[PDB]
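Kindly return the folded structure for what I paste below:
(one chain, ligands or ions: 1)
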Amino acid sequence: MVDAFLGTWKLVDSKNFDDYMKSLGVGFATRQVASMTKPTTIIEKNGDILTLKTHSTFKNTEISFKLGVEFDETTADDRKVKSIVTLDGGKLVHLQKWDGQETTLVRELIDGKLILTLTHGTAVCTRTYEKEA
Ligand SMILES: CCCCCCCCCCC(=O)O
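Numbering: from 1, shown residues only. The structure is reproduced below:
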(Lines give C-alpha, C1' and ligand atoms only; values in the text may rest on other atoms or scores of the structure.)
Protein backbone atom coordinates (compact mmCIF):
# COMPACT_ATOMS: atom_id res chain seq x y z
CA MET A 1 0.00 0.00 0.00
CA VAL A 2 2.94 2.40 0.81
CA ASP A 3 5.31 1.02 -1.87
CA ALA A 4 5.23 3.85 -4.42
CA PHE A 5 6.57 6.19 -1.67
CA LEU A 6 9.65 4.06 -1.02
CA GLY A 7 13.07 5.19 -2.13
CA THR A 8 15.39 8.17 -2.10
CA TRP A 9 13.96 11.61 -2.86
CA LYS A 10 15.61 15.04 -3.29
CA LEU A 11 14.04 18.45 -2.71
CA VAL A 12 13.45 20.34 -5.98
CA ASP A 13 10.90 23.06 -5.03
CA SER A 14 9.72 24.75 -1.83
CA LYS A 15 6.84 27.16 -1.21
CA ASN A 16 6.10 28.89 2.11
CA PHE A 17 8.56 26.87 4.23
CA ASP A 18 9.59 30.03 6.06
CA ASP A 19 5.92 30.65 6.98
CA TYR A 20 5.62 27.11 8.27
CA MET A 21 8.84 27.29 10.31
CA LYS A 22 7.93 30.68 11.73
CA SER A 23 4.48 29.36 12.78
CA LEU A 24 6.28 26.60 14.73
CA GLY A 25 8.49 29.22 16.49
CA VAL A 26 11.72 28.38 14.66
CA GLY A 27 14.27 31.18 15.13
CA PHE A 28 15.33 33.43 12.28
CA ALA A 29 18.89 32.04 11.94
CA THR A 30 17.62 28.46 11.67
CA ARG A 31 14.99 29.52 9.15
CA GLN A 32 17.65 31.29 7.13
CA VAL A 33 19.86 28.14 6.82
CA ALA A 34 16.84 25.85 6.25
CA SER A 35 15.57 28.09 3.42
CA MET A 36 18.79 27.28 1.49
CA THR A 37 18.99 23.56 2.37
CA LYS A 38 17.79 20.75 -0.02
CA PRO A 39 17.23 17.62 2.02
CA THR A 40 17.30 14.03 0.85
CA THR A 41 14.43 11.95 2.21
CA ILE A 42 14.80 8.16 2.29
CA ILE A 43 11.70 6.05 2.92
CA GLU A 44 12.26 2.30 3.51
CA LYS A 45 10.18 -0.57 4.80
CA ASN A 46 10.87 -3.82 6.56
CA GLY A 47 7.66 -5.71 6.98
CA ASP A 48 5.22 -3.48 8.82
CA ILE A 49 7.93 -0.99 9.93
CA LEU A 50 8.70 2.14 7.92
CA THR A 51 11.84 4.19 8.41
CA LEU A 52 11.94 7.78 7.15
CA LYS A 53 15.33 9.51 7.08
CA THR A 54 15.74 13.21 6.29
CA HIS A 55 19.35 14.18 5.57
CA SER A 56 20.92 17.54 4.87
CA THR A 57 23.96 19.71 5.43
CA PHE A 58 22.10 21.29 8.37
CA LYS A 59 19.71 18.97 10.29
CA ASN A 60 19.35 15.16 10.10
CA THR A 61 16.41 13.14 11.43
CA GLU A 62 15.25 9.54 11.41
CA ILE A 63 11.96 8.02 12.54
CA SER A 64 10.68 4.44 12.50
CA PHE A 65 7.02 3.60 12.89
CA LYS A 66 4.25 1.16 12.14
CA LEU A 67 1.27 2.68 10.15
CA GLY A 68 -1.56 3.45 12.50
CA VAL A 69 0.44 3.08 15.73
CA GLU A 70 1.38 6.15 17.75
CA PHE A 71 5.08 6.84 18.36
CA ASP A 72 7.12 9.42 20.22
CA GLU A 73 9.11 11.77 17.98
CA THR A 74 11.60 14.59 18.51
CA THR A 75 11.43 16.82 15.45
CA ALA A 76 14.24 18.60 13.58
CA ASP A 77 13.27 21.81 15.46
CA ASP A 78 13.35 19.95 18.82
CA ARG A 79 9.61 19.58 19.49
CA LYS A 80 8.71 16.47 21.50
CA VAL A 81 5.51 15.23 19.88
CA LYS A 82 3.10 12.30 19.74
CA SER A 83 2.92 11.09 16.14
CA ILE A 84 0.93 8.76 13.96
CA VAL A 85 1.34 8.01 10.25
CA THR A 86 -1.44 6.48 8.16
CA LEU A 87 -2.53 6.09 4.54
CA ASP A 88 -5.56 8.20 3.68
CA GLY A 89 -6.77 8.53 0.09
CA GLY A 90 -3.46 7.10 -1.10
CA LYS A 91 -1.59 9.87 0.78
CA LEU A 92 0.86 9.23 3.61
CA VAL A 93 -0.50 11.43 6.44
CA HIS A 94 1.77 12.17 9.42
CA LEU A 95 0.03 13.92 12.36
CA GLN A 96 2.10 15.42 15.22
CA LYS A 97 0.49 16.52 18.50
CA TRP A 98 2.10 18.43 21.37
CA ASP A 99 0.85 20.90 23.99
CA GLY A 100 -2.60 20.85 22.37
CA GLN A 101 -1.04 21.94 18.99
CA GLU A 102 -1.10 19.88 15.85
CA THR A 103 0.71 19.83 12.52
CA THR A 104 0.25 17.58 9.52
CA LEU A 105 2.87 16.41 7.03
CA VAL A 106 1.00 14.96 4.05
CA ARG A 107 2.82 13.19 1.19
CA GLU A 108 1.21 12.41 -2.14
CA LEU A 109 2.50 11.28 -5.51
CA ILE A 110 1.62 13.49 -8.48
CA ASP A 111 3.07 12.71 -11.95
CA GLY A 112 5.89 10.71 -10.20
CA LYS A 113 6.89 13.57 -7.85
CA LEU A 114 6.50 13.42 -4.09
CA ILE A 115 4.51 16.48 -2.86
CA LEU A 116 4.86 17.17 0.87
CA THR A 117 2.28 19.56 2.30
CA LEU A 118 3.06 20.93 5.78
CA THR A 119 0.24 22.66 7.69
CA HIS A 120 0.47 24.39 11.10
CA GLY A 121 -1.81 27.19 12.20
CA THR A 122 -2.75 28.99 8.99
CA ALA A 123 0.62 28.25 7.34
CA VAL A 124 0.59 25.84 4.40
CA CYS A 125 3.92 24.86 2.82
CA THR A 126 4.35 22.73 -0.30
CA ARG A 127 7.65 20.99 -0.97
CA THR A 128 8.33 18.90 -3.99
CA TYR A 129 10.70 15.96 -4.08
CA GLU A 130 11.96 14.00 -7.09
CA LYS A 131 13.11 10.42 -7.02
CA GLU A 132 16.77 9.46 -7.15
CA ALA A 133 17.61 6.29 -9.14
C1 LIG B 1 14.98 23.13 12.03
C2 LIG B 1 14.24 23.31 10.75
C3 LIG B 1 12.70 23.29 10.64
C4 LIG B 1 12.07 21.91 10.84
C5 LIG B 1 10.55 21.81 10.74
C6 LIG B 1 9.96 20.50 10.77
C7 LIG B 1 10.42 19.47 9.77
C8 LIG B 1 10.26 19.92 8.32
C9 LIG B 1 10.58 18.86 7.29
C10 LIG B 1 10.64 19.34 5.90
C11 LIG B 1 10.98 18.32 4.83
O12 LIG B 1 11.06 17.12 5.15
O13 LIG B 1 11.17 18.75 3.65
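
Is it correct that residue 32 falls within a helix?
Yes: according to DSSP: H, G, I helix; E, B strand; the rest coil, residue 32 belongs to a helix.

where does it sit relative to residue 91, distance-wise?
30 Å (C-beta to C-beta, to the nearest Å). From N, CA and C alone the C-beta is placed, and that goes for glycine too.

ditto for residue 84
Residue 84 is 14 Å from residue 91, where distance means C-beta to C-beta.

Up against the ligand, what does this structure have?
Neighbours of the ligand within the chain, by C-beta under 6 Å from any ligand atom: 11, 21, 26, 30, 34, 39, 41, 54, 59, 75-77, 116, 127.

out of these, which are inside strands?
Filtering the residues of the chain next to the ligand for membership in strands, criterion DSSP state E, returns 11, 41, 54, 116, 127.

farthest pair in those residues?
54 and 127 (11.1 Å; C-beta to C-beta).

Pretty sure residue 86 sits against residue 106.
No: Residue 86 lies out of contact with residue 106 (C-beta atoms under 8 Å); the separation is 10.5 Å.

residue nearest the centroid of the protein?
For the chain, the residue nearest the mean C-alpha position is residue 105 (5.2 Å; C-alpha atoms, centre = their mean).

Give me the three-state assignment for that one.
At residue 105, secondary structure determined by three-state DSSP is strand.
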